[PDB]
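Breakdown of the fold
As a plain string of letters, each chain reads:
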Amino acid sequence: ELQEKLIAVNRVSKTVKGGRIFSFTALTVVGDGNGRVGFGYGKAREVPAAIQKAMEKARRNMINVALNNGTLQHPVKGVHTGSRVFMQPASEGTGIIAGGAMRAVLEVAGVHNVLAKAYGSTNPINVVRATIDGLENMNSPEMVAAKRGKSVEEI
Amino acid sequence: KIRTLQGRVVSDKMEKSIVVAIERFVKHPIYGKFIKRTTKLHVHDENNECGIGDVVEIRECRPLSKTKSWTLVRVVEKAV
Amino acid sequence: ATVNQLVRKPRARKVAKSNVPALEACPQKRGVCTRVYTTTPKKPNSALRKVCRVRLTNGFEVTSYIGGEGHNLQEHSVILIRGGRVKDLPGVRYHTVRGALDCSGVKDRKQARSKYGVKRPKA
Amino acid sequence: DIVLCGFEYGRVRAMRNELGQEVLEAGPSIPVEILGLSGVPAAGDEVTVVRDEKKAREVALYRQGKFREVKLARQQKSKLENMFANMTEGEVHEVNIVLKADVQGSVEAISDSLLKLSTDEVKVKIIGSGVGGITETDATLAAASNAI
Amino acid sequence: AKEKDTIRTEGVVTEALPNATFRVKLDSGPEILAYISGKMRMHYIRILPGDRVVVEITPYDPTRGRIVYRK
Amino acid sequence: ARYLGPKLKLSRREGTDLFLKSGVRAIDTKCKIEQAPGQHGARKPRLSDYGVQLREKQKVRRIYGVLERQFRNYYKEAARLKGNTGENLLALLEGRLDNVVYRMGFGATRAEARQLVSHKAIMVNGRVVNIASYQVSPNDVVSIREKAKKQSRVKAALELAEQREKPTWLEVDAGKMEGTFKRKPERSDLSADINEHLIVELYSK
Amino acid sequence: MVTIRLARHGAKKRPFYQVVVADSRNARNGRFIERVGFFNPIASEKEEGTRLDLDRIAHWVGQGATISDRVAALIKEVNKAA
Amino acid sequence: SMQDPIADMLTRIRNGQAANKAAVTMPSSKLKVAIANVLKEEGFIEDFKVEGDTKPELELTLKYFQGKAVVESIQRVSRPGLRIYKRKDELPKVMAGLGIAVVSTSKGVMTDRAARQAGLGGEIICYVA
RNA sequence: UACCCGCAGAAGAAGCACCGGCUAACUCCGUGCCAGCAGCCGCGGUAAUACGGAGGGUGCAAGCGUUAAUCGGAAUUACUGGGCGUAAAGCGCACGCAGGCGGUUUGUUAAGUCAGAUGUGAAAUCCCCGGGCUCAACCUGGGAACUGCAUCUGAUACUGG
RNA sequence: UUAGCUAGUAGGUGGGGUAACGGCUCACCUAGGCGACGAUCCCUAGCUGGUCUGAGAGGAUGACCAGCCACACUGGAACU
């Protein structure tokens, strides 16, 4: 039932006496379709070993986001290295309109209706990093009520 | 129904006229800062009772000269 | 940065400079062939590329590519030019429209004919 | 009625016969000046009317393609005919002329007589024979290369 | 397709211009800008300023030619 | 304006039966159904994310006989409409007259049904409708007109129809050759190996 | 003077008129003062086809507005309908 | 110089909070005291006091939960360099209502929620979540 | 004229670009740093899915491509929504007029700000629910919207006097 | 990479003038009036409803429809 998505595969290279050593990298996300999302990143000489190492990482290192009927609480900004990220809770019917890197994160997360956009570097590893943290710092109508010490209508 | 303006006297030199400045704050259309704007009006002062620096209440009336379409209603504060 | 600063000097978008000024926002332009010659291209390529110098109806004089294999063009040939640079030919920023005005179509083309001014062969 | 003359096509706007400014109908006998054609046709040729103009558009453009193909053909031959990068002797000095005559019949006819006076020593050639009057691109044509 | 109006006439390297470029004077008539053929450059084959060489000339531009035969 | 070429090619490229022939035959006895058309059909497409989205949209289009322009306009309308866009797209397709004519069994194929429509053999509410994309509404009654009622295509078409699963939202009287579009089909009425959200994704990017 | 008349909108072969009060000199489909009815000559007549705010029409007449031959007819027709 | 003492207040909170400080103290003012009131009433701080008469020092008792600061973010909105005013129907809400905006109205300082319910707009002093 | 009925026969009605990655679509033959391609990277010296032809395929379809042109993606003039140690960017340094900003209390004022009421914000367009042409484009009823301006009357926490 | 501009100029009195207020005009008198919140000078341009694009804020734009203005070969003039 966990949902897992392959976001990007890439070839890097290391140089030695004999020449270049080629390897691969894999960036993935797993999610429970109901408010939990992890991302993983693995390296290996062959692609399958890399796509597999990443899922393994993605399964742990997983976090919770305070969803709201399949959509977000409030607009949110996320940032990590080059990537400035922005997300909005859209009305019902829209679905996920977003770049590939973000769509995969939001899909597996369970965010059903959102407007998203990535600014600056669309480098996938940092875009997803920035989205996860955005969702993670996203606070909930109940916690702000708890924080402020009042269960007014706003609860 | 007495529409009116309030401002201060920047020039009282002219015979039976005065220059009044109306200042107001306005939101900047693009950058949101509140900016001072001034509107200078040539106003009629029969009897020349308005001194420079005075704060005066003025009203709009028919043309009195090429540039005067306002006249004095009364002085509010004077000689700061 | 300051709001105050922008209030004194607004954001001012840069005006895009064109890559085909001789066209003056026209889709093609007409012109007479001034010189018709070949030239060699830039690193790492190597060839004898067909180009022509063309004086346009608006006075501009530019160099234009003559694409395709084979052409029957010479001085005083009246041709039609369109936008489109030739990358390994610096200075060359226009293409000649094969099969318009005095410029003939490419001989014996079967694929991509319309980009080389070639009628559909009876068959 | 749509009329097609040579590679030129178009609808007739008006009809003129000799002194008569307007004629409604014209028979096989009496000649009538035709008007409303797209451009000045050849000095002479076979003219045929058609039912619709749209059907006659492709035909007219087809005749242009052949006339243009032979134009570039005769252009390649004359230049390649010398089989050398220059002239073998000193006759390279030539004179250029620019001609535009009001009537289409003359430009083809007198040019033939204008090529009769040509000699080996000095070569004369016509450039951009016009259908009539004068124009900007014509004066520009004489500006690039010195010509009368 | 590749037309066939190419030629193979010979000549002698005259100038030693920059970037594998030469003045190569055709035994035939004149000399042309002559650039070193890819093949030839790939197989190195330096080319002194005074060698008998083969040229590939496109009628399109007699003014230019490619050096085919190394020496 | 219509795809006129070989049909089983389309099924073969999309990897599924698209019902472009009557169904009298096991499709595998008419073509190599599980292999794409062409020299390199045996080749496998290691297929990009864009690729799967494209092919799914093609699949639906090829089922209903719709070319790109009209189908895009169908998406636009589905989007504008209230409720889930993906489901709205399929409601709009499934409401087409050529389609409904096919589902009541008057035509062996949507292609055949479309010909029935174009050739003035179909009436809606006793009124002649001859444009394929006519949107049919709840309670409408579409019928074979009297003169087209003795066409043998129609009898055969109704026989095959009787052997397909019978659609819920249509009430068909085979004798009268009339039928009633009771209601818009739900999503649950339509095949579940259609991935509308992929088509929705293709048209939002 | 001020007149009450039909400004012809709708499409080619499918006329649809907007009844309007206006300065008679302005173009037919141009500047008007007040819109006061409409007239569909192509209405199926199964439902509506001709609607006039008779209260405002009369008000304008009371102030001297004239009335088209065609609007004068519509008004007699609509007065007959109910 | 010290031209925005409210930003200063926000920041002293933010920094002492980040520094897991039990309390923070600052020169007092009615306007600070009005904001401290809203914070306390909405449960973002424990309590507060002002001490002295001629040079009043205001003191805020901060609040912690899971070895975490109750105050997650605290930012100045309107400011001396750019005043921000909103109408009743334009009042922002923070975190979709989970946080609050402090608004200053003709009827004194209150939350976006309060001002909304009382048909008012005002100067948007800050956001808190 | 729309529209309806009748007659003849599949009969009169399919092209355009693309298939190296970005990008849906691969092979053979020809050529050999040539002829040529090329939006960007970049293809071409003997196995070229990149040139040119072919077969096959992909995408559009009475159009299809190329060129031109605005905005988008471009958070790449950043109000919303960016930056200046080493990447573009702190004036060599200080004083200082105008300007911007300004600690804390009370009273006052009520310009900024906030509230309400009233008028105006043409129609068409956009959007919503309907109606009419066989459908659609198109035409059309009613609404909502015109986020704006102005006058009056209030509120006085914040800014200004 | 334009910082100063202005003699009917700014105002006052009175006569004349217009359908009507008015330096609109004339005489006399006062010496003002504009300007860094951009005057003056230079370049460009009909304005709007709206149009295209953009989630929006914006950006670009002002054919077709409608509203206002201006022009009618060029410069000037008044007559009805």
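The numbering scheme counts residues from 1 along every chain following its written sequence, independent of the entry's numbering, with residues that lack coordinates not shown. Key to labels: chains lettered from A, ligands numbered from 1, both in the order written. Keep in mind that this is only part of a larger assembly, and the values describe that part, not the whole. Processing note: side-chain calculations cover all non-hydrogen atoms of the structure and skip hydrogens and water entirely.

Structure determination for this PDB entry is given in the record as cryo-EM, at a resolution of 13.5 Å.

Right, let's get into the overall build of chain B. Here a helix means four or more residues in a row that DSSP labels H or I, a strand means two or more in a row labelled E, and each is numbered from the N terminus. Helices and strands together make up the secondary structure of chain B, namely zero helices and five strands. Taken from the N to the C terminus, the helices and strands of chain B come in the order β-β-β-β-β. Across its three principal axes, chain B shows a C-alpha extent of roughly 45 × 30 × 25 Å. Counting across all 80 residues of chain B, residues that qualify as buried make up 34%. The buried label goes to any residue with under 20% of its type's maximum accessible area, the exposed label to any with over 50%, and the partly exposed label to all in between, with areas taken from a 1.4 Å probe on protein chains only.

With that settled, the discussion passes to the nonpolar core. Among buried residues, those of type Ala, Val, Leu, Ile, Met, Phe, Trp, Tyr and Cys that are joined through side-chain atoms within 4.5 Å constitute a nonpolar core. With 43 residues, the main nonpolar core has F:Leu93, F:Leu97 and F:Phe106 as its most contacted residues. Residue contacts follow a heavy-atom distance rule, with two residues in contact if any of their heavy atoms lie within 4.5 Å. Excluding residues that lie within four positions of it along the chain, F:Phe106 makes contacts with F:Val101, F:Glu112, F:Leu116, F:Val142, F:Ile144, F:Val154, F:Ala157, F:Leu158, F:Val172, F:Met177, F:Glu178 and F:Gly179. Counting 28 residues, the second-largest nonpolar core is a separate cluster that includes A:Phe39, A:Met102, A:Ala104 and A:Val114.

Below, the discussion takes up the side chain of B:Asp54. All names here are of chain B. By the secondary structure assignment, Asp54 is in the loop between β3 (34–44) and β4 (55–60). Here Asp and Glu are counted as negative and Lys and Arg as positive; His is not counted, and neither are the chain ends. Salt bridge, as applied in this entry: a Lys or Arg side-chain nitrogen positioned within 4 Å of an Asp or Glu carboxyl oxygen. It is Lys78 that comes nearest to the buried, bridge-free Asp54 among opposite-charge side chains, at 7.0 Å. Ignoring any residue separated from it by four or fewer positions in sequence, one finds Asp54 in contact with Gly7, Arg8, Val9, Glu49, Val75, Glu77, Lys78 and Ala79.

Let's shift gears to the interface of chain C and chain D. Of the residues lining the interface, 16 residues belong to chain C; the matching set on chain D comes to ten residues. Joining two parts hides part of their accessible area as seen by a 1.4 Å probe, and the buried area is that hidden amount summed over both. Here chain C packs against chain D, burying approximately 1100 Å² in sum over the two surfaces, 42% of which is carbon and sulfur. Three residues, C:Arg55, C:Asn72 and C:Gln74, lead the burial of chain C against chain D; their summed loss comes to 46% of the area buried on that side. Across the contact surface, chain C and chain D share zero salt bridges. Within 3.5 Å is the distance limit for a polar contact, defined as a pair of N or O atoms, with the added protein rule that one can donate a hydrogen and the other accept it, and that residues adjacent in sequence qualify only through two side-chain atoms. Counting across the interface, chain C meets chain D through eight residue pairs in polar contact. A per-class count over the side of chain C that touches chain D returns four nonpolar, eight polar and four charged. Each residue gets one of three labels, nonpolar for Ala, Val, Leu, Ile, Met, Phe, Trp, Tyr, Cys and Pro, charged for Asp, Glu, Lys and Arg, and polar for the others, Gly among them.

Definition of nearness: a residue and a molecule or strand are near each other if at least one heavy atom of the residue lies within 4 Å of the molecule or strand. Lining the immediate environment of RNA strand J, one finds 25 residues, of which B:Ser11, B:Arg62, B:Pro63, B:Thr67 and G:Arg31 sit closest. In the interface set of RNA strand J, defined as its atoms within 4 Å of the protein, sugar plus phosphate atoms amount to 86%. Here a base oxygen of RNA strand J sits 2.9 Å away from a polar atom, N or O, in the main chain of B:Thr38. Side-chain polar atom of B:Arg62 to a sugar or linking oxygen of RNA strand J: 2.6 Å apart, as the coordinates give it. Elements represented by at least two residues in the surface near RNA strand J include exactly β2 (17–27) and β3 of chain B. Ranked by the residues each element gives to the surface near RNA strand J, the list is headed by β3(B), at five residues.

Turning our attention to the protein's contact with RNA strand I. Close to RNA strand I lie 134 residues, the nearest being A:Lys117, E:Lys2, E:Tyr35, E:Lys39 and E:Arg66. Of everything in RNA strand I that lies within 4 Å of the protein, sugar and phosphate atoms constitute 78%. In terms of residue count, the dominant contributor to the surface near RNA strand I is helix α2 (residues 49–64) of chain F (eight residues). Taken together, the residues that form the surface near RNA strand I break down as 47 nonpolar, 36 polar and 51 charged.

The subject of this paragraph is the side chain of F:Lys57. Residues and elements named next belong to chain F. With respect to the helices and strands, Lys57 occurs in helix α2. Of the residues examined, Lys57 reaches a relative accessible area of 5% and is grouped as buried. When near neighbours in sequence (up to four residues on either side) are disregarded, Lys57 contacts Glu68, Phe71, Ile199, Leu202 and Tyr203.

Attention now moves to the environment of C:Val7. Summarising the element assignment, C:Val7 is placed in helix α1 (residues 3–8). With 109 residues separating them in the primary sequence, C:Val7 and C:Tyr116 have C-alpha atoms 55 Å apart. Not counting chain neighbours up to four residues away, the residues in contact with C:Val7 comprise B:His28, B:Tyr31, B:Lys33 and B:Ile35.

Right, let's get into the sheet that holds strand β4 (residues 50–52) of chain G. Residue and element names in this part refer to chain G. Strands qualify as paired when DSSP identifies two bridges or more between them. The strand order β4-β3-β2-β1-β5 describes an open sheet built from five strands, whose pairing is mixed. Each edge of the open sheet is held by one strand with a lone partner, namely β4 and β5 (66–67). Note on geometry: axes are lines fitted to C-alpha atoms, helical ones only across the stretch in contact, with angles between N-to-C directions running from 0 to 180 degrees. Here helix α2 (residues 69–81) sits on the sheet in contact with β1 (2–11), β2 (14–23), β3 (34–39), β4 and β5, set at roughly 85 degrees to β1.

Time to look at the packing of helix α2 (residues 100–109) of chain A against helix α3 (residues 124–136) of chain A. All names here are of chain A. As a packed pair, α2 and α3 sit with axes 9 Å apart at the nearest point and diverge in direction by 40 degrees. The interaxial crossing formed by α2 with α3 has right-handed handedness. Seen from α2, the contacting residues are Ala101, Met102, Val105 and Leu106; seen from α3, they are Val127, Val128, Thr131, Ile132 and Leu135. Class assignment of the residues belonging to the contact of α2 with α3 gives a composition of eight nonpolar, one polar and no charged. A crossing counts as left-handed when the near helix is turned anticlockwise from the far one by less than a right angle, and as right-handed when that turn is clockwise.

You'll often see interface size given as the accessible area lost when the parts meet. Listed as interface residues are 21 residues of chain H and, on the opposing side, 19 residues of chain A. Contact with chain A buries area across many residues of chain H, yet H:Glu42, H:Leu98 and H:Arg113 alone supply 51% of it, more than any other trio. At the surface where chain H touches chain A, the tally comes to 14 residue pairs in polar contact. The set of elements that each furnish at least two residues to the side of chain H that touches chain A consists of α2 (30–41), β6 (100–105) and α3 (112–117) of chain H. Among the residues making up the side of chain H that touches chain A, the classes are represented as nine nonpolar, five polar and seven charged.

Across the seven pairs of chains in contact, the largest number of contacts is found between chains A and H. Contact between chain B and chain D is absent, and the least distance between their C-alpha atoms amounts to 50 Å. Taking C-alpha atoms only, the smallest gap left between chain A and chain G, which are not in contact, amounts to 36 Å.

Here we come to the pattern of salt bridges. Within this structure, the stated rule accounts for 46 salt bridges over all chains. Among the salt bridges present, the one from E:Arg52 reaches E:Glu10, with a minimum N-O distance of 3.9 Å. Placement of E:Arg52 in strand β4 (residues 52–56) and of E:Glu10 in strand β1 (residues 10–12) is noted, with a sequence separation of 42 residues between them. Residue E:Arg52 is classed as partly exposed on the basis of its relative accessible area, which comes to 43%. The shortest N-O distance in the salt bridge between H:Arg12 and H:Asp8 comes to 3.2 Å.

Here the focus is the sheet that holds strand β1 (residues 23–27) of chain H. Residue and element names in this part refer to chain H. Read from one edge to the other, the open sheet built from three strands follows the order β1-β3-β2, with strand pairing classed as antiparallel. The open sheet has two edge strands with one neighbour each: β1 and β2 (47–51). Direction aside, the axes of adjacent strands within the sheet are offset by 20 degrees on average. Strand direction decides the pairing type here: β1 and strand β3 (residues 57–61), joined by five bridges, are antiparallel. Directly across from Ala23, in β3, lies its bridge partner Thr61.

Our next topic: the packing of aromatic side chains. Between two aromatic rings, the relevant description is the distance of the centres plus the angle of the planes. Here a pair means two rings of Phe, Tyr or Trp (six-membered ring of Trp) with centres within 6.5 Å. Their orientation is stacked below 30 degrees between planes, edge-to-face above 60, and tilted elsewhere. Inspection of the entire model under this criterion finds six aromatic pairs over all chains. Judged by centre distance (5.3 Å) and plane angle (85 degrees), the rings of B:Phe34 and H:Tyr85 are edge-to-face. Here B:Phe34 is found in strand β3, whereas its partner H:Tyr85 is found in strand β5 (residues 85–86) on a different chain. Residue classification places H:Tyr85 among the partly exposed residues on the basis of a relative accessible area of 43%. Pairing D:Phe7 with D:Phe67 gives two aromatic rings, centres 6.2 Å apart and planes at 15 degrees, and the pair type is stacked.

Here the focus is helix α3 (residues 68–80) of chain F. All names here are of chain F. Multiplying 1.5 Å by the residue count of a helix minus one yields the expected span of that helix. In this model α3 runs 18 Å from its N-terminal to its C-terminal C-alpha over 13 residues, within 8% of the 18 Å that 1.5 Å per residue would give. Those residues of α3 that sit buried are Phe71, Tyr74, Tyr75 and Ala78. Axial view of α3: buried residues confined to an arc of 100 degrees, hence all on one face. Residues of α3 that are exposed and point more than 90 degrees away from the buried face comprise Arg69, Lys76 and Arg80. Where α3 is buried, its residues contact α2, α4 (85–94) and α8 (196–202). In this description, one arc is meant: the one made by directions from the helix axis to the C-beta atoms.

Attention shifts here to α2(F). Residue and element names in this part refer to chain F. Its 16 residues place the ends of α2 24 Å apart at the C-alpha level, agreeing with the 22 Å of an ideal helix rising 1.5 Å per residue. Residues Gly51, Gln53, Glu56, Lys57, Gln58, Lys59, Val60, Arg61, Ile63 and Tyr64 constitute the buried set of α2. Count one or two residues on from α2 and you reach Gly65, which has phi positive near 80 degrees.

All right, on to a positive patch on the surface then. Residue and element names in this part refer to chain F. A contiguous patch of positive charge, built from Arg2, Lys7, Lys21, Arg25 and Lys30, is present on the exposed surface. Inspection of the secondary structure assignment puts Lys21 in the loop between α1 (8–14) and α2. On the basis of relative accessibility, which here comes to 36%, the residue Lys21 falls in the partly exposed class. Patch membership requires more than 30% relative accessible area and the absence of a salt bridge. Residues of like charge join within 9 Å; the nonpolar side chains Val, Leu, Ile, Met, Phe, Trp and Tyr join within 5 Å. We get accessible surface area from the Shrake-Rupley algorithm with a probe of 1.4 Å; when it comes to residues, only the shown protein chains can shield them. Here the site of a charge means atom NZ of a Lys, CZ of an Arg, CG of an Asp or CD of a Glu.

This next bit is on the pairing of strand β3 (residues 36–44) of chain A. All names here are of chain A. One ladder, built from eight bridges, connects strand β2 (residues 19–31) with β3; its direction is antiparallel. Across the sheet, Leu27 pairs through a bridge with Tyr41, a residue of β3. Hairpin connection of β2 to β3: four residues between the antiparallel strands, including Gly33 at a positive phi of 65 degrees. Sheet topology note: the β3/strand β4 (residues 62–64) ladder contains three bridges and is antiparallel. Within β4, the residue paired with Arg36 across the bridge is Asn64.

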